[PDB]
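Visitor: Model the structure of this input:
(chains A, B, C and D)
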Amino acid sequence: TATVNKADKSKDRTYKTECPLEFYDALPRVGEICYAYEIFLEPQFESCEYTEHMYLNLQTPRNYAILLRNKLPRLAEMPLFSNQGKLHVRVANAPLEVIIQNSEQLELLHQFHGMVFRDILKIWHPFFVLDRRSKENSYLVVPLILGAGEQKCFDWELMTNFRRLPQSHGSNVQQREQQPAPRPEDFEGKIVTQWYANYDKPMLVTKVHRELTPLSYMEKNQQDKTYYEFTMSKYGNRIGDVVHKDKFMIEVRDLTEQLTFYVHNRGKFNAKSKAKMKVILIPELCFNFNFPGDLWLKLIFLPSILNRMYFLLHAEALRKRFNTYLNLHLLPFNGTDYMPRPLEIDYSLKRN
Amino acid sequence: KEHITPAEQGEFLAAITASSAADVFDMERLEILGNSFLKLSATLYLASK
Amino acid sequence: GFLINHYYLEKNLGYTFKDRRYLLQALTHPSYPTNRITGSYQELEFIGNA
Amino acid sequence: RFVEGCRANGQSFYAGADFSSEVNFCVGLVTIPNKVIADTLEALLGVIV
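Guide: Numbering: from 1, shown residues only, chains lettered A, B, ... in the order given. Next up is the structure itself:
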């Protein structure tokens, strides 16, 4: 009846958000059954020279999962958009049922879960703290490795090794003589960063060129220039010199900084031009983590998957709630045997 | 009833997500049909009552 | 609602208050608009000086 | 030291703009325009239809 409020048409309000009931109090506990849901990322783009690394690595069976006290419901296939092309994501409907029987094991799990965010994804903030209250939005992320047979088990060794990413540090020549010589096997499929340059960002080594070696001419645009003298001309004042001048070489590809892969990265990239600046790096001068590349790649997207999963669970809760209200739940289509269909790109939208 | 179809979870996800969150899918297309339905149902209810 | 870290301030001062409104008044600079329940510090300051 | 910093920040400006505006998420709060809230109901009706 009051006529007053027909003046302010564009008001807004503040709201207390809540997590899906599944995500609430989902913290695993010792001596209790916990469920892990493997994450599978199916690239759709065709293999080519430029996108070879992503395609090959993302299809590796070294995936991770999400650990919860509660059983999750079936979740629809999910589209994601990387620089290499579209990505299809699905969550295993069959949980991997495990139980934790040692407090320290849980501690290691949580420590790795913290580490990935704190360092690998760099989502940390100075005021963040590891949560142990087992309350809203309390679930863990654990890597998985093939165990006995087709069954997969927790990557205990990777976690206990990588509690916190080691700090990348260089070495002068004097400490470089007696340092053990690098082995190609120690680098293949690993994660490496170049400490001599100001480039402190992690990046991946694709393949090692054993046949290649320093002092060799550039294959393009620098047939008068070699790796040795060119690296000198660039950062000799920073490296000093190079040892093992004859040993193997490594070929690396940088990792995208983006974390939001929802919207197609529409744009012109000039694949030939961007790939023209081929980079081959001296194994010794680049700090070498022991982390596997494929898991790092599959963890790059983790925030987007987690976010979408959030609202997917919300939507599922609404779906079940409505279907129950209308008494349509008992229908075979909506029964326990529901098979969610893949999400569909709304191509009609301007940004698709 | 033979043409009934399940209420897809992705459809509800599109409904819940707004346009502010720059997602690949949004709510407007479902919102238009919902608006028409709401107007129709309101009209019919009021007239019957 | 205004004596946040009340315990901390009392520990630093070295006294424990039974009635806190006096401390609130003491900490009430005149410019502060919201406080309605007490006058500014000036009244207390006048006696405290002497 | 944190509560001291809090009072100092307030000492600059209490009455007006909410200083939480850029950190609302940390406490699970969010502000939404009324338009979006109205639209989502209609979208749900549309999908159910």
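Visitor: hey, where'd the strands end up in chain D?
Guide: With strands called from DSSP state E, chain D shows them at D:29-33.
Visitor: cool, and chain A?
Guide: Along chain A, the segments classed as strands by DSSP E run A:12-16, A:33-43, A:64-68, A:78-81, A:86-91, A:96-99, A:140-146, A:152-154, A:190-194, A:203-209, A:249-254, A:280-281, A:286-292.
Visitor: and residue C:25, which of those strands is closest to it?
Guide: Ranking the strands of chain A by proximity to residue C:25 (CB to CB) places strand A:12-16 first, at 33.3 Å. In short, each C-beta sits where N, CA and C put it, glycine included.
Visitor: contact partners of the closest one?
Guide: Residues from elsewhere that reach strand A:12-16, judged by CB atoms under 8 Å, 6 or more residues apart in numbering or on different chains: D:24, D:28-34, D:37.
Visitor: Also stretch C:13-25?
Guide: So stretch C:13-25 is in contact with C:2-3, C:6, C:9-10, C:35, C:37-41, C:43-44, going by CB under 8 Å, 6+ apart.
Visitor: burial of residue B:23, as a residue count?
Guide: As a burial measure, residue B:23 scores 21 neighbours (other CB atoms under 10 Å in any protein chain shown).
Visitor: For it, give its distance to residue A:351.
Guide: From residue B:23 across to residue A:351, the span is 9 Å (CB to CB, to the nearest Å).
Visitor: Can you pull the residues that touch both of those two?
Guide: With CB under 8 Å, 6+ apart as the test, residue B:23 and residue A:351 both reach residue A:263.
Visitor: Tell me the residues of chain D that contact chain C?
Guide: Residues of chain D lying near chain C by CB under 8 Å from any CB of the partner chain: D:3, D:6-7, D:14-15.
Visitor: wait, which of these is closest to residue A:105?
Guide: Closest to residue A:105, out of all of those and judged by CB to CB, is residue D:3, at 37.9 Å.
Visitor: one step back: which one of the residues of chain D next to chain C is nearest chain B?
Guide: Among the residues of chain D next to chain C, residue D:15 lies closest to chain B (CB to the nearest CB), at 28.7 Å.
Visitor: excluding its backbone neighbours, what's nearest the closest one?
Guide: residue C:33 (6.7 Å; CB to CB, 6 or more residues apart in numbering or on different chains).
Visitor: now that neighbour: how far from residue D:14?
Guide: The separation that residue C:33 has from residue D:14, given CB to CB, amounts to 8 Å.
Visitor: okay, those two: which has more neighbours?
Guide: Using other CB under 10 Å as the criterion, residue C:33 and residue D:14 rank with residue D:14 on top: 12 against 8.
Visitor: check contacts around the more buried one.
Guide: Here residue D:14 is in contact with residue C:34 (CB under 8 Å, 6+ apart).
Visitor: Give the burial count for residue A:76, as a bare number.
Guide: Using other CB under 10 Å, the number of residues around residue A:76 comes to 21.
Visitor: got the residues of chain D near chain A?
Guide: So chain D meets chain A at D:24, D:28-35, D:37, D:44, D:48 (CB under 8 Å from any CB).
Visitor: Take stretch C:8-22, keep the C-alpha atoms, and write them as PDB.
Guide: Output in PDB follows, covering the C-alpha atoms of stretch C:8-22 (Å, rounded to 0.1, in the frame of the first residue of the first chain):
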ATOM      1  CA  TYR C   8      44.400  -5.800  27.200                       C
ATOM      2  CA  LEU C   9      43.800  -2.200  28.100                       C
ATOM      3  CA  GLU C  10      43.200  -3.000  31.700                       C
ATOM      4  CA  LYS C  11      46.400  -5.000  31.900                       C
ATOM      5  CA  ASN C  12      48.400  -2.200  30.300                       C
ATOM      6  CA  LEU C  13      46.800   0.300  32.700                       C
ATOM      7  CA  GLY C  14      47.200  -2.000  35.700                       C
ATOM      8  CA  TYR C  15      43.700  -1.600  37.000                       C
ATOM      9  CA  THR C  16      40.500  -3.700  36.600                       C
ATOM     10  CA  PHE C  17      37.200  -1.900  36.200                       C
ATOM     11  CA  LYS C  18      34.000  -2.700  38.000                       C
ATOM     12  CA  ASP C  19      31.900  -0.200  36.100                       C
ATOM     13  CA  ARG C  20      33.200   0.300  32.600                       C
ATOM     14  CA  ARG C  21      31.100   3.300  31.600                       C
ATOM     15  CA  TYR C  22      33.700   5.600  33.200                       C
END
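Visitor: picking that back up, got a markdown table for the strands of chain A, with mean neighbour count too?
Guide: Shown next, in a markdown table, are the strands of chain A (neighbours: other CB atoms under 10 Å in any protein chain shown):
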| stretch | mean neighbour count |
| --- | --- |
| strand A:12-16 | 11 |
| strand A:33-43 | 19 |
| strand A:64-68 | 23 |
| strand A:78-81 | 20 |
| strand A:86-91 | 18 |
| strand A:96-99 | 14 |
| strand A:140-146 | 19 |
| strand A:152-154 | 19 |
| strand A:190-194 | 20 |
| strand A:203-209 | 17 |
| strand A:249-254 | 18 |
| strand A:280-281 | 18 |
| strand A:286-292 | 19 |
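Visitor: coming back round to it: between the residues of chain D next to chain C, which is closest to residue A:268?
Guide: Among these, residue D:6 lies closest to residue A:268 (CB to CB), at 48.6 Å.
Visitor: so which residue of chain D comes closest to chain B?
Guide: Scanning chain D for the residue nearest chain B gives residue D:46, at 2.7 Å (criterion: CB to the nearest CB).
Visitor: before we move on, back to that, show me which of the residues of chain D next to chain C is closest to residue A:50.
Guide: Nearest member of these to residue A:50, counting by CB to CB, is residue D:6, at 51.6 Å.
Visitor: Contact residues of the stretch 101-250 of chain A facing chain D?
Guide: Residues of the stretch 101-250 of chain A found near chain D (CB under 8 Å from any CB) are residue A:136.
Visitor: Residue of the stretch 101-250 of chain A closest to chain B, please.
Guide: Residue of the stretch 101-250 of chain A nearest chain B, by CB to the nearest CB: residue A:137 (17.2 Å).
Visitor: Nearest to chain C within chain B, name that residue for me.
Guide: Closest point on chain B to chain C, by CB to the nearest CB, is residue B:20, at 33.9 Å.
Visitor: Residue A:338 touches residue A:76, doesn't it?
Guide: No - counting by CB atoms under 8 Å, residue A:338 does not reach residue A:76; the two are 10.2 Å apart.
Visitor: residues from chain B in reach of chain D?
Guide: Near chain D, when you scan chain B using CB under 8 Å from any CB, you find B:7, B:11-12, B:14-16, B:18-20, B:27-28, B:30-38.
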